[PDB]
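Only one chain comes next, encoded as structure tokens, the form deposited in one PDB entry.
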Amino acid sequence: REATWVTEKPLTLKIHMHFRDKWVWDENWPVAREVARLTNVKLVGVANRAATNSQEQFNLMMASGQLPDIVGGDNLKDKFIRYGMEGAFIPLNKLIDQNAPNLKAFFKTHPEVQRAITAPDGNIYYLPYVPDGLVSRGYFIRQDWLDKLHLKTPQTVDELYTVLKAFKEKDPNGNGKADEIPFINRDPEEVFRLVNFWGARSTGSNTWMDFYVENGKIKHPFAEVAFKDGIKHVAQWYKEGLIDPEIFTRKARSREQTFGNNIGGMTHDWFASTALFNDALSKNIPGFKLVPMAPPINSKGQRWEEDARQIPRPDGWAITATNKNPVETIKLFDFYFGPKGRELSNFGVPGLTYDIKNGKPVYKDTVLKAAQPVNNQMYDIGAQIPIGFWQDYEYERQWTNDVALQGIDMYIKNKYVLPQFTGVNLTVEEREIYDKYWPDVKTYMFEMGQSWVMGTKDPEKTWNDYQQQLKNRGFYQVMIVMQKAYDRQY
């Protein structure tokens, strides 16, 4: 028996959690085993580890008969609310009040977080991933390539064009081949964010393709004329090879590939793990120097950083109506919001990845000095995963090197980050419209965006058909409920 047990008799529950298009819940994970030991509840995964689309696996789950006990993963907020309101997920409000003292206290001190996860019917259908921190991404460029080519740090988009074209054409890696790829990115959606250079938004928050507000009016980035004109410019840089030809396909290991083989020039990504490549690659590429850059002055005369940490994220886990142990389940979930649960869910396992020293969790040198970023190392053992959990920025500070710190400090000091969208409070009827049309409109928008970047559709010529399709697919119906909600509120 342990003081932390949430049941005297051992309990096993089934969880469907497929996440990040790459991972599933693993009961053999060190963190899972530790939580199961401390709480007496073991979670067994039932998701398909061979699939590469987490959203489609949610959908396949929901269509494969009786639900498991718990469902978790990234980018599931809207599915948890839509299916909660229908009954597939249960409201957690009273379970929390009666049985989850850590969460009850957390929500009292984080009313914004409780607001963000509550549905139009007043119910909480999931517990979120709660990030910790302020900035997330920033621009990084190869200083050593700038110096090889005698180029200054670009300050405007026109200066940046010249620098990326030089990276492409002037052989900065010195191997006689035109193998350099000026701009790379782990995230396909960052290609859409390049429209910021031409004064257009791509998303209002860390959630991809989110709405934004301008002067009191709700807008969607992909519907705006500025997006049509901006995406033309992105398509031109893609045509000319300044953007990775594989930007929609290469994905998670883009940095390992392109910086590791000295062919990537620039990216837009999270400060800590991106700056770590200076340290990981120092033996193999002695003068490798990837450094933060201020955003270039864009066509609207401003230096935009569109992204920031979003507290909470639309990620987490929920209790299904078939779970026969909802009270033991909410107690298990509450364990993660207590001190020990929070330590494990962030740092891994004591004696394995960290030690308590002077009362604080301190990562081992083998973790801090490893070639893989520490968050990647955490995923592999079941930490830093998008369950309901409260991230602790102290985990990240320990592997935030001086290059990263000086980039984060620059961005915070100079206020590049744009105000983020914090959502609206829909009514039940407005929510019906949103759930009926929005998910499919966002899919269509992405498809058209990819077509525009790769040049298989010309944005100027297809823009009218596209706007008629937005109307036909319900987009303006959603825009109007969003605006009504905004107005009602504000």
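We number the residues from 1 along the sequence you see.
The same protein has a further form, the form deposited in another entry, not shown here; the description that follows concerns it.
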Worksheet item: Between the rigid parts turning between the shown form and the other one, which of 134, 283, 86, 253 is at the hinge point?
Response: 134
Discussion item. Residue 58 and residue 449: their C-alpha distance differs by 3 angstroms or more in that other deposited form. Do they come closer or move farther apart compared with the shown form?
Written reply: farther
Fill in: Relative Cα spacing, residue 112 and residue 418, in that other deposited form - shift of 3 Å or more
closer
